[PDB]
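Following: one structure in structure tokens, then a few remarks.
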Amino acid sequence: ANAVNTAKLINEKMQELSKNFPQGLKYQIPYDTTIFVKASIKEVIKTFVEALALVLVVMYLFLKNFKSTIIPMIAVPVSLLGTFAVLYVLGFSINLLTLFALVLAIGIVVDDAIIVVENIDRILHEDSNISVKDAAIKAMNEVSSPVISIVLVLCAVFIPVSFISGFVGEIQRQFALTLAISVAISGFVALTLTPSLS
Amino acid sequence: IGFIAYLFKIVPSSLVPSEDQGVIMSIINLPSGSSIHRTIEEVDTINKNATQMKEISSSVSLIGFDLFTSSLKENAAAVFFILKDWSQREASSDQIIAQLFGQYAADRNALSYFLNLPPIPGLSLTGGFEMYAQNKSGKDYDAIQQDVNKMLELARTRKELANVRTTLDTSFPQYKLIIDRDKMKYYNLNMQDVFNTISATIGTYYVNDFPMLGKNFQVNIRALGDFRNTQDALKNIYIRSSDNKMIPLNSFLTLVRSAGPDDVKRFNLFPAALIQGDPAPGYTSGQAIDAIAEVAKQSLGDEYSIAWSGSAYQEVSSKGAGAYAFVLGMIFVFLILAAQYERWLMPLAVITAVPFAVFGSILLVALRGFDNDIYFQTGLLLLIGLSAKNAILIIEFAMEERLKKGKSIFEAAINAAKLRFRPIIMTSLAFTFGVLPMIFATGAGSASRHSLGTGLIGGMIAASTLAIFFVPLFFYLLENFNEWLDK
Amino acid sequence: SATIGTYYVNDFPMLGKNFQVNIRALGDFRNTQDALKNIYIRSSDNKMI
Amino acid sequence: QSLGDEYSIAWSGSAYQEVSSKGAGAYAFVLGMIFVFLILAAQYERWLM
Amino acid sequence: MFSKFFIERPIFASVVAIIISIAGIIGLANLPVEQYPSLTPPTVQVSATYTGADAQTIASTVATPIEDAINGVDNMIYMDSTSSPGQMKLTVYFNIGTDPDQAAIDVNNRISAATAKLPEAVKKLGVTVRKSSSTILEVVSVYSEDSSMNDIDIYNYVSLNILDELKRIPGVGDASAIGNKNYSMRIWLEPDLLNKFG
Amino acid sequence: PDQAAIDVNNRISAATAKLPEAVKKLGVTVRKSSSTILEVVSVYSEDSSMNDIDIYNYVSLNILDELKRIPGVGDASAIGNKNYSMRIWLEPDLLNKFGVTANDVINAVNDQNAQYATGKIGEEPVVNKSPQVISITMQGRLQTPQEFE
Amino acid sequence: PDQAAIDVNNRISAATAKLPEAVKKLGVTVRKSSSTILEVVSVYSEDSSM
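Chains as they are written, first to last, in the deposited numbering: chain D, 298 to 495; chain U, 546 to 1032; chain H, 744 to 792; chain Y, 843 to 891; chain V, 1 to 198; chain C, 100 to 248; chain P, 100 to 149.
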């Protein structure tokens, strides 16, 4: 179930009941775990927006082209939404551990987008005769195998963390599996969508 | 790498950092056997003193329930101080806890321990590990407590075993009922009848249930409170004989003052005592577990065998398969990199490029003073991933320069590093400035954010600053060695 | 059942656990077909039958 | 109209299934048309075809 | 090449991104939201009430039979019991990765056999078996700002009225009050009058 | 097998009320046991000092409880069935001589060898507040044969 | 259908205290049910002797 929606429903129903309350009787909610998850969601959203803005700034500085900033703006949300879909399918839940893991996954996603777009731009500016489509094809021929190898290496790093049992095993399994999903989706996006947009 | 090992040695490790949850859990314990009116008065004074505190918005009190041992004790109470929002109040939970300890440090009637709410559910109150000393031999609980006191005397000496405590308390006042069976039967009485009179006068007798407001509620019989508050309560109680003679209870029953356990704890079908101890600041929690285990072994008898629960059980259980999992994860990484590069030696460049991120993260956490928490381990996983990413790209470009372009090994390394320099700096700047606010995070979940952010930033700065120089060195060495074997 | 068989009345404390209390006649008094002859029961007239 | 605010109405069996499943057909139709459009844009590499 | 196929076909990459986005949005809307997942190993609590019985009496007569019966349940690591005057509290800890409902029903089936041994009062009040793996969503305090309603009145108002509405709320596993003061027809004997009237 | 055990228990719970008092008193145990011996472990005294009863009670108190916690052990029992019990050996000639019956001894043991419930002294609600709450403790169960005598 | 019975059994056993004593003595039965009447079988005597 959704903790935030349930807490909102509980508060609304408590107000409704408090309308028909005996004189002198009040209610209050001292402890509420929904506060932590709402604050964590807000912090993760702020981190995502800040990371996207910094990616746009560094892309507009190093690459000197504003139209290039559109590529991360599409690659990053697509990778994150794919990560969310895979998390829902596998049965994960939005909790503090998964939000902290998503904060890390932002780094992987922006790293992949920046890597691919920068390689495209380097090959484009190395040769004046080469066209944008030819430059994209050449750069992807260069880094298609490394991207697959990086995805496999990252997964071979993260999956064995999951097999650890115990309290620490489960806590680190949350991060490890979220990161593995993130690197898989980010690599697939960097292989398919990012070169096309570039 | 030697300095990395030293830094990992000199950085203390903790499970999860203490956090400000907005609630201060206060545990009030009066002397054992105390009435509940005394606990109510003490909790009222504690609440009225905490009203003066600006941070404490409101107080939630559970009087008559002990939180350390889940059981109803009249001498015990738990009071939760609901703090203001993080934005409103400047003082953190630790400062308010210090103030509360300061105003209640002077000797008084009640012993109040003010502790922060646990960060993650499923972790014991405070940090005391759970240990159970099962008594196979079947000794009386008063002797079990004497042996536990000997064990605590030996453990108290060691610096590793800080704040060792035992919940086994046999000092509760009790009244011992001494049945005079010869007199009981001489009076034509059955024991069950006399104990039904005792249960109906001094205790509560649940005869049956009655219907009220559409629900069944109990019907309880108990004598008036003014007739069961003294040791002489047995005087007024009368029991009918089989000879139809009223017989006072004190004729054949006696109340004798004594002391004994209020909570009798049994672990795995055996009587047990709980030992609650905290690790030393320098030693780790596992070292404290080993130390208390050895202390219990040397102090306790052969009957006492240590059984563990909770944090200690996780510590004993978790670390076993992690080593094999990480060995397999490194073997698979090596195989995948060898398949990519088509060379057995070459993946060693990426593998030796990894440790720079660990170096930077551990250096920054040691300098800031943050411990080796689990969030630090997760940050280590991310930093390992990104460092391996950069190393793989640099090595692939160096290999392509050496093979496709025919550049010399020195020239290939130079050109590969120069090519990969820009994207590495780009992503390093983006991610470092992205996670920079985590160090300066607000109150809600502050400690975890600070630890993860400081570890991540240290690792990222170290990787982007140093690994860029060192990966080409490894490629040059391994390529020269490969040329050596070809000759 | 109390004389010829074992009658399990209730438990008693020994070695920390609870152990049964059983009532039975001596082996020589439940050993033949005439075992019923020795055993008596009091009626509601207080006569041993 | 008859019972008033003191009473609420609840359904069982087929009535419950119908009342709860109102709208599923329209949701499926909309999603199907969207996915048909996306697949056809993919195959023919044009947006307006 | 794999990447060249998407570079030459921007619409195909775009619709792949759109489908990934739609799946991600669906999963995000349907993702469970919690504070922390089931990191702690599952536990089952067994409670029996022997009113007026001392801790030793409870430990020997109620705690020992139930503990002996529960011993042997599958996937059980260790079992702990605390006996206090009036009440017996037993907590069975199960190996992490065990379904809480399977464990609870196993313990229930064992205690069903063990119940008849227990003293008459314990059987009459019953033995309560529940899973304590669930964590607290929040705490709601119903208080009387005036002195009009005692603890008893507030508790019974809460149990009769507040609790039923809150349990109907979607996503609420259960709501339980802590006061433990139900209505009861209390008969207060006066031993002086009892002796006066024989 | 777990679902099978749960189904059998659900169906048994209804009929156990109908069973005689003694049968339900001893309990009705449902186990997912194949009833075929996996292995036999023989615990014996080489000194021959410990009699059969003592060895059986030792393996019942210590060994069997540990063995039942082993995953994959459906049921672990010892053949002796020699758990300690306070055996009372009636002598029918003496019963007839003194005039008591077996039922009288049954009632006496059931009455004078049980622990009952005794409340606490000084518990609320009391108008005259007392400094302490003191629990009443009784030992109504006899422990030694010299006590049952 | 199996897991639903498990969950119902667990909740009923969790709320033992609320039940009255008579139902506890007789027992509470939780069993998978079905509204589907597969068929009705009629056994009748032809001779009308039974």
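We put the CB at the ideal spot given by N, CA and C, even for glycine.
Proximal chain P residues relative to residue i, where beta-carbon distance stays under 9 angstroms
i, result
"residue 761 (chain U)", "117, 118, 119, 120"
Proximal chain U residues relative to residue i, where beta-carbon distance stays under 7 angstroms
i, result
"residue 231 (chain C)", "578, 579, 580, 718"
Residue i versus residue j - alpha carbon distance
i, j, result
"residue 764 (chain U)", "residue 53 (chain V)", "18 angstroms"
"residue 875 (chain U)", "residue 881 (chain U)", "10 angstroms"
"residue 589 (chain U)", "residue 614 (chain U)", "22 angstroms"
"residue 196 (chain V)", "residue 770 (chain U)", "19 angstroms"
"residue 169 (chain C)", "residue 870 (chain U)", "26 angstroms"
"residue 145 (chain P)", "residue 174 (chain V)", "58 angstroms"
"residue 104 (chain V)", "residue 885 (chain Y)", "54 angstroms"
"residue 616 (chain U)", "residue 848 (chain U)", "27 angstroms"
"residue 221 (chain C)", "residue 310 (chain D)", "42 angstroms"
"residue 941 (chain U)", "residue 702 (chain U)", "59 angstroms"
"residue 762 (chain U)", "residue 188 (chain V)", "17 angstroms"
"residue 467 (chain D)", "residue 461 (chain D)", "7 angstroms"
Cβ of residue i within 7 angstroms of any chain C Cβ
i, result
"residue 744 (chain U)", "yes"
"residue 771 (chain U)", "yes"
"residue 753 (chain H)", "yes"
"residue 713 (chain H)", "The displayed coordinates of chain H run from 744 to 792. Any statement about residue 713 (chain H) would go beyond what the structure contains."
For residue i, the residue or residues it bridges with in DSSP
i, result
"residue 675 (chain U)", "U:821, U:854"
"residue 117 (chain P)", "The partner list for residue 117 (chain P) (beta bridge, DSSP) is empty, contrary to what the question assumes."
"residue 971 (chain U)", "DSSP lists no partner for residue 971 (chain U)."
"residue 756 (chain U)", "U:761"
"residue 189 (chain V)", "U:768"
"residue 805 (chain U)", "U:717"
"residue 751 (chain H)", "H:765"
"residue 237 (chain C)", "U:722"
"residue 138 (chain V)", "D:329"
"residue 799 (chain U)", "U:723"
Below-7 angstroms beta-carbon distance, residue i vs any chain V residue
i, result
"residue 123 (chain P)", "yes"
"residue 133 (chain P)", "no"
"residue 322 (chain D)", "yes"
"residue 880 (chain Y)", "yes"
"residue 200 (chain C)", "no"
Member of the options whose CA lies at the smallest distance from the CA of residue i
i, options, result
"residue 130 (chain C)", "C:106, C:186, C:211", "C:106"
"residue 936 (chain U)", "U:965, U:781, U:919, U:957", "U:965"
"residue 705 (chain U)", "U:1003, U:1010, U:910, U:836", "U:836"
"residue 591 (chain U)", "U:789, U:623, U:666, U:808", "U:623"
"residue 124 (chain V)", "P:138, P:134, P:122, P:113", "P:122"
"residue 96 (chain V)", "D:343, D:464, D:411", "D:464"
Interface partners of residue i on chain E, CB under 9 angstroms
i, result
"residue 758 (chain H)", "Given the protein chain composition of this structure (D, U, H, Y, V, C and P), no chain E is represented."
Contact set between residue i and chain Y, taken where Cβ atoms lie within less than 9 angstroms
i, result
"residue 12 (chain V)", "883, 884, 885, 887"
C-beta neighbour in chain H for residue i, strict 7 angstroms
i, result
"residue 202 (chain V)", "Examination of residue 202 (chain V) is not possible in this model, given that chain V is present from 1 through 198 alone."
Where residue i meets chain U, residues with beta-carbon distance less than 9 angstroms
i, result
"residue 476 (chain D)", "923, 926, 927, 930"
"residue 78 (chain V)", "677, 812, 813, 852, 853, 854, 858"
Per-residue contacts from residue i into chain V (C-beta, under 9 angstroms)
i, result
"residue 105 (chain C)", "102, 105, 106, 109"
Residue i at chain D interface by Cβ criterion, 7 angstroms
i, result
"residue 3 (chain V)", "yes"
"residue 941 (chain U)", "yes"
Residue i: contacting residues in chain V (beta-carbon distance under 8 angstroms)
i, result
"residue 806 (chain U)", "55, 56"
"residue 616 (chain U)", "82, 84, 87, 89"
"residue 906 (chain U)", "Per Cβ cutoff of 8 angstroms: no residues; residue 906 (chain U) is ~24 angstroms from chain V at best."
Cross-chain neighbours of residue i in chain V, by beta carbon under 7 angstroms
i, result
"residue 214 (chain C)", "57, 61"
"residue 112 (chain P)", "108, 129"
Any C-beta of chain P under 7 angstroms from that of residue i
i, result
"residue 171 (chain V)", "no"
Closer than 9 angstroms at the beta carbon, the chain H residues around residue i
i, result
"residue 664 (chain U)", "What residue 664 (chain U) touches in chain H: nothing, since even the nearest Cβ is about 39 angstroms away."
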